[PDB]
S.K.: 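Would you mind keeping the following structure in view while I ask a few things?
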2 protein chains.
Amino acid sequence: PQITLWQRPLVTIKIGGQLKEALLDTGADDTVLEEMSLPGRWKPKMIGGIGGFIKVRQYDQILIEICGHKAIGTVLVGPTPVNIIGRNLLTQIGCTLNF
Amino acid sequence: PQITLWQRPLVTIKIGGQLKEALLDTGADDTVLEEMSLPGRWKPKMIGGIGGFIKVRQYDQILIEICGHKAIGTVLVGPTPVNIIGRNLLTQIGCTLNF
Ligand SMILES: CC(C)=CCN([C@H]1CNC[C@@H]1N(CC=C(C)C)S(=O)(=O)c1ccc(C(N)=O)cc1)S(=O)(=O)c1ccc(C(N)=O)cc1
Ligand SMILES: [Cl-]
Ligand SMILES: [Cl-]
């Protein structure tokens with residue numbers, strides 16, 4: 001699809017069998033979701049914004065479907081202001097910016 | 001043009017004819033610029049991201065040229081390490097997300 005930016009580009013994702021709403025964020029290197037349990041191994045990671053770093057859990061090689069497109073990759077879980085799909089998975093579904 | 005997401009979508013912008021690097025950020029509602037001395041009055045504002053909130057100066061009706069496309073609107077000035085072009089101006093240049 002083509003998605004315009006007059007509103008927040010929020011789309012439905014499916015992860016762990018659950019549907020969630022997440023923001024397509026080309027400003028985000030990584031994908032960060034609110035607290036949830038995911039199967040398999042994880043490790044602690046720090047990621048940061050303009051005024052400091054936060055702790056998240058890193059889960060690798062996770063299946064996630066974004067607006068119907070499949071991705072398998074790293075998902076961070078932690079206290080994010082909103083579920084964010086960042087470039088690690090935007091690249092997987094073939095997303096570009098166009099004008 | 002088409003902006004890939006293999007790397008951060010950094011492009012050249014112009015403000016006052018001065019050229020700067022900026023990130024095209026579909027996760028940002030508004031545009032956030034590195035500290036610079038814009039003239040005139042501004043309004044205090046707080047914006048939040050992972051980590052928390054930072055104080056910025058809001059300037060209205062500011063012209064920014066984005067790869068040759070002139071947008072005019074609100075910009076927020078603060079200690080960011082990188083200029084961020086948000087939806088408020090991305091919409092004006094006809095920018096979309098496509099996959
Ligand atoms: C990329 C950058 C450095 C800054 C741009 N900002 C976020 C928009 N895209 C990215 C950036 N962030 C997301 C926050 C929101 C969508 C509310 S964030 O917290 O810095 C972040 C940092 C790291 C990652 C990562 N490792 O993947 C993910 C995200 S922001 O926090 O200044 C910002 C906040 C608010 C506004 C607004 N209200 O108008 C506008 C901008
Ligand atoms: Cl990944
Ligand atoms: Cl505006």
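Residue numbering restarts at 1 for every chain, and letters A, B, ... go by the order of the sequence lines.
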S.K.: Would you call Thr4(A) and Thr91(B) a side-chain contact if the rule is heavy atoms closer than 4.5 Å?
M.R.: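 No. Closest side-chain heavy atoms not under 4.5 Å.
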S.K.: Does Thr74(B) have any side chain to side chain donor-acceptor pair (under 3.5 Å) partners at least two apart in sequence or in another chain, and if so, which?
M.R.: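 Expected list: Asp60(B).
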S.K.: Could you check whether any side-chain heavy atom of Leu23(B) comes within less than 4.5 Å of a side-chain heavy atom of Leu10(B), counting everything from C-beta outward?
M.R.: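 Side-chain contact under 4.5 Å: yes.
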S.K.: Is there any salt bridge (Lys or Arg N to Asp or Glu O under 4.0 Å) pair reaching into residues 89-99 of chain A, and which pairs are they, with sequence neighbours excluded?
M.R.: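 For residues 89-99 of chain A, and leaving out neighbouring residues, there are no salt bridge (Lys or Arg N to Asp or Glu O under 4.0 Å) pairs at all.
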S.K.: With side chain to side chain contact (heavy atoms under 4.5 Å, CB included) as the test, pick out the partner of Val32(A) among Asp25(A), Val75(A), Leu76(A).
M.R.: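 It is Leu76(A); the other options fail the test.
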S.K.: Applying ring-ring contact (aromatic ring centres under 6.0 Å, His included) as the test, list every pair that has at least one member in residues 71-99 of chain A; sequence neighbours left out.
M.R.: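 The answer is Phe99(A)-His69(B).
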S.K.: Any salt bridge (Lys or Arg N to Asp or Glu O under 4.0 Å) involving residues 88-99 of chain B? Give me the pairs, sequence neighbours left out, ordered by first then second residue.
M.R.: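 Residue pairs with at least one partner in residues 88-99 of chain B: there are none.
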S.K.: Would you say that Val56(B) contacts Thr80(B) through its side chain, given a criterion of any heavy-atom pair below 4.5 Å between the two side chains?
M.R.: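 The answer is no, as the side chains (C-beta and beyond) never meet within the 4.5 Å cut-off.
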S.K.: Restricting to pairs with a member in residues 9-34 of chain A, which pass ring-ring contact (aromatic ring centres under 6.0 Å, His included), not counting sequence neighbours?
M.R.: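 Listed by first then second residue: nothing to list.
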S.K.: Quick one: does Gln18(B)'s side chain have a donor or acceptor within less than 3.5 Å of a partner on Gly16(B)'s backbone?
M.R.: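 The answer is yes, because a donor-acceptor pair under 3.5 Å joins these two groups.
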S.K.: When you compare the side chain of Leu24(B) with that of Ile66(B), does any pair of heavy atoms fall below 4.5 Å?
M.R.: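 A side-chain contact exists here, since the closest heavy-atom pair is under 4.5 Å.
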S.K.: Look only at the side chain of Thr31(B) and the backbone of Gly86(B), and say whether a donor-acceptor pair between them is shorter than 3.5 Å.
M.R.: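 Side chain of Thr31(B) to backbone of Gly86(B): a pair is present.
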S.K.: Could you pull out all residues at least two apart from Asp29(A) that satisfy side chain to side chain donor-acceptor pair (under 3.5 Å)?
M.R.: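 Partners of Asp29(A) by the side chain to side chain donor-acceptor pair (under 3.5 Å) criterion, ordered by chain and then number, come out as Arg87(A), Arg8(B).
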S.K.: Quick one: side chain to side chain donor-acceptor pair (under 3.5 Å) partners of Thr96(B), sequence neighbours excluded?
M.R.: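 Side chain to side chain donor-acceptor pair (under 3.5 Å) list for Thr96(B), sorted by chain: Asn98(B).
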S.K.: Closest approach of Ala22(B) and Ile85(B), non-hydrogen atoms and distance?
M.R.: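 It is CB-CG1, 3.8 Å.
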S.K.: Quick one: which residue pairs count as a ring-ring contact (aromatic ring centres under 6.0 Å, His included) with a foot in residues 10-30 of chain A, not counting sequence neighbours?
M.R.: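 Passing the test, one end in residues 10-30 of chain A: no pairs.
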S.K.: Could you check whether any side-chain N or O of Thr26(A) sits under 3.5 Å from a backbone N or O of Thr26(B), counting only pairs where one atom can act as donor and the other as acceptor?
M.R.: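 Between the backbone of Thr26(B) and the side chain of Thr26(A) there is a qualifying donor-acceptor contact (under 3.5 Å).
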S.K.: Report the residues that fulfil side chain to side chain contact (heavy atoms under 4.5 Å, CB included) with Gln61(B), sequence neighbours left out, ordered by chain and then residue number.
M.R.: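 Residues passing side chain to side chain contact (heavy atoms under 4.5 Å, CB included) with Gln61(B): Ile72(B).
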S.K.: Anything under 3.5 Å between a donor and an acceptor, one on a side chain of residues 33-49 of chain B, the other on a protein residue two or more places apart or in another chain? List them.
M.R.:
{"residue": "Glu34(B)", "atom": "OE2", "partner": "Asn83(B)", "partner atom": "ND2", "Å": "2.7"}
{"residue": "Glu35(B)", "atom": "OE1", "partner": "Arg57(B)", "partner atom": "NH1", "Å": "2.9"}
{"residue": "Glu35(B)", "atom": "OE2", "partner": "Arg57(B)", "partner atom": "NH2", "Å": "3.0"}

